[PDB]
Amino acid sequence: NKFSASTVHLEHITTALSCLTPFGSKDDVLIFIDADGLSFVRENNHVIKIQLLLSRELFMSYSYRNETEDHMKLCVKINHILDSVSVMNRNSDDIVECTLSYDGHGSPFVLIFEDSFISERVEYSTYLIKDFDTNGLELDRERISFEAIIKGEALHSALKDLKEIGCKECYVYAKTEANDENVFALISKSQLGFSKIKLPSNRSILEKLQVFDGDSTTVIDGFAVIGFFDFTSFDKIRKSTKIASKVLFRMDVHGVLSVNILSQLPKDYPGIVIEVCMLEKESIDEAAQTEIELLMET
Amino acid sequence: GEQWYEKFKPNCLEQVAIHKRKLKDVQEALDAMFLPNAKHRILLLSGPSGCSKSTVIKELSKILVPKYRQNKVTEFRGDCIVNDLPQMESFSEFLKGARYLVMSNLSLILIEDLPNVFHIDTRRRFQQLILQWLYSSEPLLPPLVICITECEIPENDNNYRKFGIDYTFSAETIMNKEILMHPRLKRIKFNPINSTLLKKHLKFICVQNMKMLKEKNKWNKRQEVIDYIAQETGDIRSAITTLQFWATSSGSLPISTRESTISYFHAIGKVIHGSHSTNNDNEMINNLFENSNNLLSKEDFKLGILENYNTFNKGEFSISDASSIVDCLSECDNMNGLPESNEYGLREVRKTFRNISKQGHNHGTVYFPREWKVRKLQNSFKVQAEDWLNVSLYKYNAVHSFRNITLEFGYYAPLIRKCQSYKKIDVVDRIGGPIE
Amino acid sequence: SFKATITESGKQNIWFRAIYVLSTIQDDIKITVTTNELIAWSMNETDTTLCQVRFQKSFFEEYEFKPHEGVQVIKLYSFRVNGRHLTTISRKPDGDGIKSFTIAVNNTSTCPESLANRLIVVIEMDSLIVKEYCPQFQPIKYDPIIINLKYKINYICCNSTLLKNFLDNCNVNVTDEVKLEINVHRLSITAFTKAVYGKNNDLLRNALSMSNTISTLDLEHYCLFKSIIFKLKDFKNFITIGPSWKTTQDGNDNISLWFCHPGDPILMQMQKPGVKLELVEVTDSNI
Amino acid sequence: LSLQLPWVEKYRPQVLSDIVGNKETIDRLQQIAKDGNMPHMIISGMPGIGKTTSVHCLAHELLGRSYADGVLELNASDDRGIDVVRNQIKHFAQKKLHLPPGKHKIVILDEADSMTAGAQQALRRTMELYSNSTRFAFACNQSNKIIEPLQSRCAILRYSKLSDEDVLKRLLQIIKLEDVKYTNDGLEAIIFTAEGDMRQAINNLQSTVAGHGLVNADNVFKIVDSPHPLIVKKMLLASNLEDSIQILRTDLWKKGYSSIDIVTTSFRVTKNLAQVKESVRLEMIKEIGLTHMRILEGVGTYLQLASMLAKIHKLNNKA
Amino acid sequence: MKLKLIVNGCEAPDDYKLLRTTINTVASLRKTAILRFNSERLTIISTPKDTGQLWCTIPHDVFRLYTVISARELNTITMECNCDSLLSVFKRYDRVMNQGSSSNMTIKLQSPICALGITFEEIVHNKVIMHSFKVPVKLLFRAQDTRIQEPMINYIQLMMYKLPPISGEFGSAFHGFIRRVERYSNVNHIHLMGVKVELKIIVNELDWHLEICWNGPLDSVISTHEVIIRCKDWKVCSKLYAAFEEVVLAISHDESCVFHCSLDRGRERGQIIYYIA
DNA sequence: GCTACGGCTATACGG
DNA sequence: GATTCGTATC
Ligand SMILES: Nc1ncnc2c1ncn2[C@@H]1O[C@H](COP(=O)(O)OP(=O)(O)OP(O)(O)=S)[C@@H](O)[C@H]1O
Ligand SMILES: Nc1ncnc2c1ncn2[C@@H]1O[C@H](COP(=O)(O)OP(=O)(O)OP(O)(O)=S)[C@@H](O)[C@H]1O
Ligand SMILES: [Mg+2]
Ligand SMILES: [Mg+2]
């Protein structure tokens, strides 16, 4: 066909696909197929967007005979691939071999699974592409207000605690002090009241926290970055943080947050680059930020 | 700095705004259920809001409980979310813990805030637990008092499958027929507070607030306010609230009180005989439709009109008017429940009964429609015909339709089986009984 | 005004299972702070069962009380906090260890309104993550029970291991009556359920009885200074609090019971090195 | 684009002295705001007469700097179920915020008519137990949609339709703050098309000044039409059939009004029609309903409306 | 009407495990089951009267004792019994023998509604613990018994396929083949195919189309054969094949499907037939 | 160190 | 709102 990709590491593809389940599990997933690899871009209510990245080195075979077009966009229902790739790859003597292919427009997306003596085949008929631009839910490369690198385990524990305490709303703090002290907390408004989860300033958890002046170059100390995010969208990164070693956090002055999941099988492939862009709430209230500041003071 | 209905609450039983006969009946009942082996186990109190249904119990307890208690009340709190307690077992746990309130810890259990009986799954649990209490084999149980406020549930859902609980919040839509007719359940229904106790207990509050009412020169138009409030409402709480809102005011704001919901038979009487206040039938119909749409826009109302239009003159009116009523009621049935159908079928009847309205007419007593009995007899006939068809196809070999059964084999076959078999297990009598 | 810390795993465990039980007895947990101990208690809505836990000053590594800086003079400060909100704070997260559980309240003029009438709980994990919570509290008036000296009257002392196993075997969904039948010879505990009959003998509620007889050899100390009936869920929960703290130095694992007649309430009290536990439960007066 | 707010939100009153209309009620609200003791109140009335901006301003003035942590506004856009009443409202009522003496926490339950029944029955206990600290301010469009036990504990404040002078005063204030050229007939046309709705007066004025600039009768009536109930009333109260068919066709059919809309408005106009005998009114109701059924079944044509008007004239002349 | 039987699981493991294979299937299919105790053979029936029917033949030599007398023809009495209680009793005996024991089951018909006195013994470690159970059953009438008859299956020129035994090299592969379609949550119809030897599991829907294949060797003892079946019946087929070495699959063209299971006790052979419409 | 199983939790269903 | 019975009071 016009594109073909096979692999045996079904656990990796299953983990990548399970990170798209937090975004519904009963809608459409849009797939890019280019020479670099194949990705799953998923958006909910135009307020949050998640994008996978399965490199070509991840699969043992990646041909991509589509010389005419640089990339191929197809839209299919997400639940079926989630149910299909969950083979768990048991009976290690006979490894279940994956086979992904797509002949082009009108052709269905094929998922052939080979169990040596068994060759099953699933065909997913593609849907018409909705008129939405994935470039809208993207962050600046020149207006970064703050950039933080946080380890996966501490962040995952923080989101788990926030989910357990309800957390109908969430806030983000990012203040850098001139004495090399860096503070980063996830303040939340829940049934309990006002709760704060301060990340430690050690380099084992907060590798690097840099607060900018909206230019992504200046390092201003003593200033605070406030992001008011709905925890409904912020909880979508919890499952993505369960497989990550380090998480990159970047926000700009236009109220978009980019959660960059860095996941660390072949040797050449880097990993699954999972990017979860998120929009900030308007925060019509003005005393709420003052209360956030006062709580962070004492 | 407090609401006047909380700072002027009755301290004794003689300050409670309740009729003397009602108070005496409640006294006798409550003193009956505090005896060792009481015939009545649960006391149900129905009525509108603010009829002192809980203002008489909480002051009868202070004089009755510390008389039989070997040496106040235990209200159930709905908003109590215990950890490890599903929201359907809260009342069950309350009942289990309230059965130990016997001598040396005696207390009368009052259930004013009922559980969420608007959900179909916990209303059944409520009824089952109350039935277990009423059929309890425990020889010794504390008295139980349940106060249910009769209020009309406003129209919020969009479905014609609305049940009884989605129309009226009464003791019939929460308690089944078995609990209400249980021998050990005494039901003392309440009435709205009359214009005499309401006129006295408000003048009490006025003469206590003498200073404030005199400073704002609100002591020459006092009785014109208490009389208007008493004539408007039968509520002991809303009257005091309106009195406080008027006395604390410093202007000419027209006072207002909560509106009352016209009942089913009340609305039927309003349609048939007319209202005593408004002589304009258009205004009365418009206000009835804008205040009681949940009752007018039904089928039971149009059935009650047909069942009770003969009570205007005890049947002593012209047949040409009866025809003009029934033909409009039949034309309304073909309008498929449009809002223009009820507004025509309630206006034509009112106009017909107004054009023949003369004094000296001795009217009759209205009654509920009898279609509910007709449907039950029809269901009995359905079951009997099903049994006839079943016995006619296993003891024999013959298939016959239901319509043929009701027309010919519901009468002729019983006679044949009475002569062919009985004269010289089976069905021998007429299906669903004779035609009387 | 008050600051207490917990820096032991078993102490945190018993504190969580101590509060979890007080939250499942009543929606809101009332805590009184004294100069010598911390008292957390919960009363039923029917006022039929009460459980009171008393974490001594030695139970906390740091214990500071400054009542001079609501307050009831008998200087005792009592406040009411939501049980569900408190039990979701003291829970042990999976994968991380609480290196310090700090409970404090500073009600001064200088403290901000963001902390005024707001209980301060600071949790430090083994991953150095600082999680601070501010649940609201309502100052109330503490009312002590004399039952402790009223009938501190036959006394029963039995090890809680076998009784805990028996109570965990029983379920509160269908059974909520406990018969503690004790004589001088043996001791038998049966979790039974009465069967009410409908209109025509119809089984409205079925009867289930699981009986467990305990020989006096397993019994530690009994003195008839007797059939008593009470509930099951409160007794079950109160039984599961002492085992939570795995202590081998004291080696108690036992319960102390006191009751006089079917009318008077029964007192069950468990003992821990830094924790005092008691359960008040009313009894069926049907003689 | 621009950040310029619409004048409905740009000129929303922020004080109780700027809310026009119902003077006898606004003055009482100001008296409550000064004294402090605010009873439980239910404010009801027609849309757009100032029922929300009154409660919000009253709460703002009553609580001062404690507005952020002293009010709890729960609208229909929030899940006002029984769980929220049992948890969030209960915890807000149980809060022990210290206030100046006489002041109380306010639970602004706007659009309380859409609240379910179980939520209101739990609200009964919520205002029963916690009444010394928090106060409930229900805002609705129909008072009968709140259960009677909840209405018993409240004080009913019935807002009325705004007159032609209060709306004129507020419009003149807006025109003075926006430097808008106007003429008296244009303002009168705006008042006439508003039908006692300040929001629909501000919107029409903004549309007129945006489209044409000068507020005259022509520039107003060429962008916002005359109220269609007043045209249906003119059609239903004519003398001849050839004079009612003209008002039907040239003023409701070539203008763009659906037949079902015409019938639905005709029923409402007939219900409130005056100087008409009751037999004539009920016959007109029956004839309107018979055409409503036909339109709902599919035949929504102008011929059916003409037949309905002809039958109305038949019942008018002799029947 | 006197019915009494004795079963020993440890004495004979095959006939006993087939009894476990019959009881689990009639528990998984639907509540209640039909037990006809013919004087020479037992047959356990689950008749829903589209839903499938199972007809398992149990001989008389499987039990140590098969004393059966009745006034009907060939000493046939037919029971209707709730399967949950007997399944629980049977699981109790499974745990009894798992803990270490060799006791037998004494099952007696003790008294139209009757019950079976299923009593057995268990020894913990030299203690005597008697387990007594009574499962309420109803007596089916002879006129009601003759209303139930085994569905008929013909193959004028149709196709039965010999499924490879699960103990062989390809047995696990074929089991994985059958269970592959069971992994999908949103599947309700499977389209079996027959070519003469290949069989394929095809699930075609509005927007997705499964087409699983078996590339291993197959045998057909001695034309297209397709049928539409439900997923639950395929699960029952999986469970039946998992406990059987000899499994026979026959496919009819748009008429029915039959899952035939047989155990070679040689002696009369115990067979399980799952009629599927 | 790995697996089974109990407890916790998210989600579809029912009246 | 209608009738019928029963009080309490002026
Ligand atoms: N003289 C009086 N008689 C009766 N109630 C009084 C009087 N003065 C003040 N009240 C108050 O009026 C209220 C009446 O409440 P009740 O009628 O007892 O309760 P209720 O009958 O359940 O009404 P609902 O249905 O709960 S609104 C109470 O809050 C009383 O304190
Ligand atoms: N009396 C008034 N004085 C000044 N502006 C008013 C007045 N009434 C309404 N408005 C305007 O109406 C808008 C606000 O409408 P609201 O007061 O929120 O409506 P409402 O009367 O509560 O009706 P609903 O119930 O929300 S449809 C703003 O543009 C106000 O300036
Ligand atoms: Mg009350
Ligand atoms: Mg509004």
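Residues numbered from 1 in each chain as written, not as in the entry; some residues may be left out. Chains lettered and ligands numbered in written order. Part of a larger assembly, values for the part shown. Heavy atoms only, no water. Residues with missing side-chain atoms left out of burial classes, pairs and counts.

As annotated in the PDB entry, chain C carries the name DDC1 isoform 1 and is attributed to Saccharomyces cerevisiae.

Under the PDB entry, the name given to chain A is DNA damage checkpoint control protein RAD17, and the source organism is Saccharomyces cerevisiae.

Right, let's get into the site of ligand 2. Residues and elements named next belong to chain D. Contacts to ligand 2 come from 20 residues, most closely from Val8, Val20, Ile49, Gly50 and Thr52. In the model, an oxygen atom of ligand 2 is placed 3.2 Å from a nitrogen or oxygen of the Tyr11 main chain. In the model, an oxygen atom of ligand 2 is placed 2.7 Å from a nitrogen or oxygen of the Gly50 main chain. Protein chains shield 91% of the accessible area of ligand 2, which is 640 Å² for the free molecule. Elements supplying a minimum of two residues to the shell around ligand 2: helix 3 (52-63) and helix 9 (198-211). (Near = heavy atom within 4 Å. Polar contact = N/O pair within 3.5 Å; in protein donor to acceptor, adjacent residues only side chain to side chain. Areas by Shrake-Rupley, 256 points an atom, 1.4 Å probe, with all protein chains shown as cover. Helix = DSSP H or I, 4+ residues; strand = E, 2+ residues; numbered from the N terminus.)

When the parts come together, some accessible area is lost, and that loss is often what is quoted as the size of the interface. Of the residues lining the interface, 29 residues belong to chain B; the matching set on chain C comes to 33 residues. Linking chain B with chain C are six salt bridges. A salt bridge links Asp284(C) to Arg99(B), with the shortest nitrogen-to-oxygen separation between them at 2.9 Å. Among the secondary structure elements, those contributing two or more residues to the side of chain B that touches chain C are helix 4 (90-98) and helix 5 (120-134) of chain B. Residue contributions to the side of chain B that touches chain C peak at five residues, all from helix 4 of chain B. A per-class count over the side of chain B that touches chain C returns 13 nonpolar, seven polar and nine charged. (Contact = heavy atoms within 4.5 Å. Salt bridge = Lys/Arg side-chain N within 4 Å of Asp/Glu carboxyl O. Nonpolar A, V, L, I, M, F, W, Y, C, P; charged D, E, K, R; others polar.)

All names here are of chain B. Taken together, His266, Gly269, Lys270, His273, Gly274, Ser275, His276, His361, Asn362 and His363 make up the full set of residues adjacent to DNA strand G. Sugar and phosphate atoms form 80% of the subset of DNA strand G atoms that lie within 4 Å of the protein. Separating a base nitrogen of DNA strand G from a side-chain N or O atom of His266 is a distance of 3.4 Å. With respect to DNA strand G, the side chain of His276 contributes an N or O atom lying 3.3 Å from a phosphate oxygen.

Contact residues are listed per partner, giving 58 residues for chain D and 54 residues for chain B. For the pair chain D and chain B, the summed buried area comes to about 5,000 Å², and 51% of that belongs to carbon and sulfur atoms. Across the chain D-chain B interface, the total number found is four salt bridges. Applying the counting rule to chain D against chain B returns 17 residue pairs in polar contact. For the side of chain D that touches chain B, the leading source of residues is helix 14 (residues 278-297) of chain D, giving twelve residues. (Buried area = accessible area lost by both parts, 1.4 Å probe.)

Moving on: the sheet that holds strand 8 (residues 98-101) of chain A. The strand order across the open sheet formed by nine strands is 6(A)-1(A)-8(A)-9(A)-10(A)-13(E)-12(E)-11(E)-14(E), and the pairing between neighbours is antiparallel. The open sheet is flanked by strand 6 (61-62) of chain A together with strand 14 (227-230) of chain E, the only strands paired with a single partner. Relative to strand 6 of chain A, strand 1 (residues 4-7) of chain A is paired through two bridges, and the arrangement is antiparallel. The residue of strand 6 of chain A that forms the bridge with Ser6(A) is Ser61(A). Strands strand 11 (189-192), strand 12 (200-204) and strand 14 of chain E of the sheet are contacted by helix 5 (residues 231-242) of chain E, whose axis makes an angle of about 80° with strand 14 of chain E. (Pairing = 2+ DSSP bridges. Axes fitted to C-alpha atoms, helices over the stretch in contact; angles between N-to-C directions.)

Within this model, the largest cavity holds a volume of roughly 420 Å³. If you go around the largest cavity, you meet 22 residues; those closest to its centre are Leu19(E), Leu35(E), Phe37(E), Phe90(E) and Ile107(E). The set of elements that each furnish at least two residues to the lining of the largest cavity consists of strand 1 (3-7), helix 1 (13-29), strand 2 (33-38), strand 3 (41-46), helix 2 (83-98) and strand 8 (113-122) of chain E. For the lining of the largest cavity, the leading source of residues is helix 1 of chain E, giving five residues. Here the residues of the lining of the largest cavity are counted per class, giving 19 nonpolar, two polar and one charged. In terms of lining, the second largest cavity is formed by 18 residues, of which the most central are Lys96(B), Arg99(B), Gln132(B), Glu138(B) and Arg205(C). Per-class residue counts for the lining of the second largest cavity are six nonpolar, four polar and eight charged. (1 Å grid on protein atoms, 1.4 Å probe; cavity = no way out; pocket = protein on both sides within 12 Å on 5 of 7 lines; lining within 4 Å. Points joined across faces, edges and corners; volume = space filled by probe spheres on them.)

So, on to the packing of aromatic side chains. Going through the model one piece at a time under the given rule, you end up with 51 aromatic pairs over all chains. Look at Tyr171(A) and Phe228(A): their rings are 4.5 Å apart centre to centre, the planes differ by 15°, and that puts the pair in the stacked class. Placement of the pair is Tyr171(A) in strand 12 (residues 169-176) and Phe228(A) in strand 17 (residues 224-230), with a sequence separation of 57 residues. Of the two residues examined, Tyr171(A) and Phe228(A), each falls in the buried class. Each member of the aromatic cluster is reached from another via a ring pair, and the members are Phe2(C), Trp15(C), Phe55(C), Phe59(C), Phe60(C), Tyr63(C), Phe101(C) and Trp245(C). Its end group placed over the ring of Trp246(B), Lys218(B) keeps NZ or CZ at 4.8 Å from the ring centre. The ring of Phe245(B) has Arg28(D) sitting right over it, with the charged end atom 4.3 Å from the ring centre. (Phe/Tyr/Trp six-rings, centres within 6.5 Å; stacked < 30°, edge-to-face > 60°. Buried < 20%, exposed > 50% of the residue type's maximum accessible area, 1.4 Å probe, protein only. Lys NZ or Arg CZ within 6 Å of the ring centre and 35° of its normal.)

Residue and element names in this part refer to chain A. Bridge analysis of strand 3 (residues 37-44) against strand 4 (residues 48-51) gives four bridges, and the strand direction is antiparallel. Along strand 4, the bridge assignment pairs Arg42 with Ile50. Both strand 4 and strand 20 (residues 273-279) contribute to a ladder of four bridges, which runs antiparallel. Residue pairing for strand 20: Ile50 is matched across the bridge by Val276.

Residues and elements named next belong to chain C. Summarising burial for strand 7 (residues 76-82): five of the seven residues are buried, a large majority. Strand direction decides the pairing type here: strand 2 (residues 28-33) and strand 7, joined by six bridges, are antiparallel. For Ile31, the partnering residue across the bridge sits in strand 7 and is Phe79. Across two bridges, strand 6 (residues 71-72) lies against strand 7 in antiparallel orientation. Each bridged residue has a counterpart across the sheet, and for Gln72 the counterpart in strand 7 is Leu76. Pairing between strand 7 and strand 11 (residues 138-139): two bridges, direction antiparallel. By the bridge assignment for strand 11, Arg80 is matched with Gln138.

Residues and elements named next belong to chain C. Pairing within the open sheet is antiparallel, and its four strands lie in the order 15-14-13-17. If you trace the sheet from one side to the other, it starts and ends with strand 15 (210-214) and strand 17 (227-230), each paired once. Each adjacent strand pair in this sheet contributes to an overall mean axis angle of 15°, direction not counted. By the bridge criterion, five bridges tie strand 14 (residues 187-192) to strand 15 in an arrangement that is antiparallel.

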